[PDB]
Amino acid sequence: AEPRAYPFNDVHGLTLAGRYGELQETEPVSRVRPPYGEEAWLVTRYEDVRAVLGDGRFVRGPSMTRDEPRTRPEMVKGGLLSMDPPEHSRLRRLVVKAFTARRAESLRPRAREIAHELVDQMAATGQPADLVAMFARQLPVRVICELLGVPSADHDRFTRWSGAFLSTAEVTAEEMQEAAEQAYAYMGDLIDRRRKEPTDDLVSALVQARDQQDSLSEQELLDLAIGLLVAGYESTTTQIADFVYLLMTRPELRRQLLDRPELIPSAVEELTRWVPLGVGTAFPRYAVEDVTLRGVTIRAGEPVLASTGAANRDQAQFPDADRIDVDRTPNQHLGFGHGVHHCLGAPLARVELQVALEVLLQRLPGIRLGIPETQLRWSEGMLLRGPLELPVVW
């Protein structure tokens, strides 16, 4: 009876559903029924979403058993986002000792070179070129190859395997399983090589990482490396396609960044706030005990969807929240999460998104859609929202 069908967002674009603003106003903790899995609470105000994501009483562990609210029939379980302190905390300390802000920044010149190569290839094939296939789907996985220390000769086949892990892939289950097996075997052998002769890449640094006198096991290293790959690939790819879609359809955004390229980092933050990247809200948290939130009792065990897409568009937190203002300040958005699970690749994701906009505007300052905006084909992957193809001219 009472729960609302969720997701509210239409996948065929980046429009924030008007339902979220309505619930922010008058029903900030509400019930939703997803296409698959359990009914759940949905939390939409910036304050409340931040509160749930930062509260020790809201955990992720039950994701390992539960029939989670979701938009696809299958469930992916495990990785860092399935874990709770203290087990989560230990892995996070070790991974961040290796995966530093310094290391992320140090990849900016290689990310620029790879971005320029991808534009070179677009220019070589000629116009219109598909920005999604040729650029957005290529830069983040090649940057992960560079991050981890995959030798250059293996980037193309590593990119091919990794393509099978995207929610937009049309491959068979057996095709995807073969790609997973090859990527895991490849990464294991890469870790064996770096254990034998360390160099200055992330795999070597993960081997060497110590926390107090603790370290990552051989199997933790391999599982965490694969986890970084999936966490850092589809999201960054989709966000690149979405940011350039916005650039190409909003003349003042493009003008402002052509005129003052120094605005690019601020524009990356503002677009990360504005773009409701998720179809709905994934990764439900579970109450460990009864919690009272905005007068509503969330019972021990119940799932709670804390919508960062809605939170980032809350009129109570961001003045004129639906406006894209590249100079917006402050901008304490939740686009890279909040609390203990907050995106650990965020420094790198920011480098990649900044480099993408920098290189495309420098090289292709007239970049624009090659077809009417109403003709764009949107992904029906049901996890993130973005164009399947972006035919561009310049």
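Heads up: residue numbers just count along the shown sequence, starting at 1. Between two forms, the rigid core is the largest collection of C-alphas that superpose within 1.5 Å.
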- prompt: Core-superposed in 5 other deposited structures of this protein, which stretch deviates more in Cα positions, 94 to 102 or 274 to 282?
  reply: 274 to 282
- prompt: in 5 other deposited structures of this protein, superposed on the rigid core, which stretch sits farther off in Cα RMS terms, 114 to 122 or 70 to 78?
  reply: 70 to 78
task: Averaging only over Cα atoms, indicate whether 383 to 391 or 2 to 10 has the higher B-factor in the PDB entry.
output: 2 to 10
query: Of 336 to 344 and 357 to 365, which one has the bigger average CA B-factor?
result: 357 to 365
task: Select one of 108, 294, 88, 137: the residue whose C-alpha shows the highest B-factor in the crystal structure entry.
output: 294
Maximum C-alpha temperature factor, selected from 203, 104, 164, 129: 129
message: Going by the CA temperature factor in the PDB record, which third of the chain does residue 227 belong to: lowest, middle or highest?
response: middle
- line: Chain-relative C-alpha B factor for residue 44 (record values, thirds): the lowest
- request: Can you work out whether the C-alpha temperature factor of residue 59 puts it in the lowest, middle or highest third of the chain?
  value: lowest
task: Taking the values exactly as deposited, rank residue 196 by C-alpha B-factor within its chain and report the matching third: lowest, middle or highest.
output: highest
- prompt: Should residue 218 be placed in the lowest, middle or highest third of its chain by the C-alpha B factor in the entry?
  reply: highest
